[PDB]
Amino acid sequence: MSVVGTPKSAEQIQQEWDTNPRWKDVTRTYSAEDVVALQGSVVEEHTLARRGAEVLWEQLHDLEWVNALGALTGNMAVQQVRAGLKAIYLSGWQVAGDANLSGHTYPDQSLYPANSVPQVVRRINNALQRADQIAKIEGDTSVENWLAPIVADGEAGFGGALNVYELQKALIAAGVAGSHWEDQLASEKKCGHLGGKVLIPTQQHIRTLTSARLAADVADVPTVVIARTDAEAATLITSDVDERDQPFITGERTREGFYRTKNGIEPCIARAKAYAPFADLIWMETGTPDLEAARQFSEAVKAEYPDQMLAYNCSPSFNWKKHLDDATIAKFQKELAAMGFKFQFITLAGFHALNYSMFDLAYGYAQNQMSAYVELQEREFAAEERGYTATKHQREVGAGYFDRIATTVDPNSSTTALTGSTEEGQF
């Protein structure tokens, strides 16, 4: 036998919950003994999840606010970090659209296999690790921490409390820093800005949030748990069993058996308060980018919970200039941070940048061929003064790093890559 990965005792775990300020405003309805009972004889260490979660928590407290863009590939996350961004957002919508394990293009309705997001978390972490390895051998100290924390989409958990548990565990195994969970019926899940949304009862989402925390505790990592409510626009709910939901129930039913419910900020606020003890961050989806509406939500929840941090989705599902002038747009995130919205993210940033940049290049290329590509390459060259490095694509993906591996195994290797390359001679 062995002591490696020996689980902590329940008293040690209790001590930590009582001692670490991380757990100041955090309610667990299960016991430390319950956690240990689920741990077996060996607890795998999850370095990147631990490191990420701790970094993320400090950033939410140390910065004015943390903003992120949705990344759907590893290289996308690398560029975000290279450009000075300090956190990464992993969008389930983007995974459905262009990066899931079925191989298919889907709308955002939880259609893809449930291990799809964990795979992209692991991909993003691998890509940042490579960027980190390359920087080290290059003596590049331009970025202090390549392993920026990742906050990923847990959707509606793909089923019940057990599905939620397995997803959080998978996300942790892959190195996630934070995960979010929404109070929608999993079998009818929608993007927050699609219609046809169905809520589940308040208590059912507390079970989800409890389940997400249990998985993190059993995995012995301080995963940041975010609760999201879709009650601003959802006109349906699965059941009227929960007394907290009954005030918005209208009596009318649909043919499927769903109850109609009165949507808006009011049930969002009540839901936020109920989730607060079980959420590190709280997020309500909205129909418009509106600062007053955000202030309204923020005030009401902080009245009850002064230190409860909030999250906001600066969604590309909004037509921004339709609703806001350049001046409000420019100050949007700053104002939001003043209200307690400490995590802010553009969910579909990667989808749009990728689709637009390839459309633009392919269109020019269709008309003018190489002239069109040369314009991009020249922009890349120009971008180097900003810190862009990917013009030299070979070193960017690690040709220099694997040369070092190769010469470590055999210094006189005849088959190394960078020496004699066009990159060496032309860039």
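The first residue of the sequence shown is number 1, and the count goes up from there.
Asks: Of the two stretches 39-47 and 393-401, which shows the higher Cα B-factor on average in the entry?
Replies: The recorded data point to 39-47.
Asks: What stretch has the higher average Cα B-factor here, 361-369 or 56-64?
Replies: Taking the mean B-factor of the alpha carbons in each, 56-64 is higher.
Asks: Could you tell me which one of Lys189, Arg82, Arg255, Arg122 shows the highest CA temperature factor in the PDB record?
Replies: Max CA B-factor in the entry, restricted to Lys189, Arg82, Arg255, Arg122: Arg255.
Asks: Please place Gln15 in the lowest, middle or highest third of its chain by C-alpha B factor as given in the entry.
Replies: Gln15: CA B-factor falls in the highest third of its chain.
Asks: Within this chain, which third does the Cα B-factor at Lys322 fall in: lowest, middle or highest?
Replies: Answer is highest: the recorded C-alpha B-factor places it there.
Asks: Lowest, middle or highest third: where is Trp93 by C-alpha B factor in its chain?
Replies: Tercile = lowest for this residue's CA B-factor.
Asks: Among the modelled residues of this chain, does the Cα B factor of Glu166 put it in the lowest, middle or highest third?
Replies: Lowest third.
Asks: Ranked by Cα temperature factor within the chain, is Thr407 in the lowest third, the middle third or the highest third?
Replies: It falls in the bottom third of the chain.
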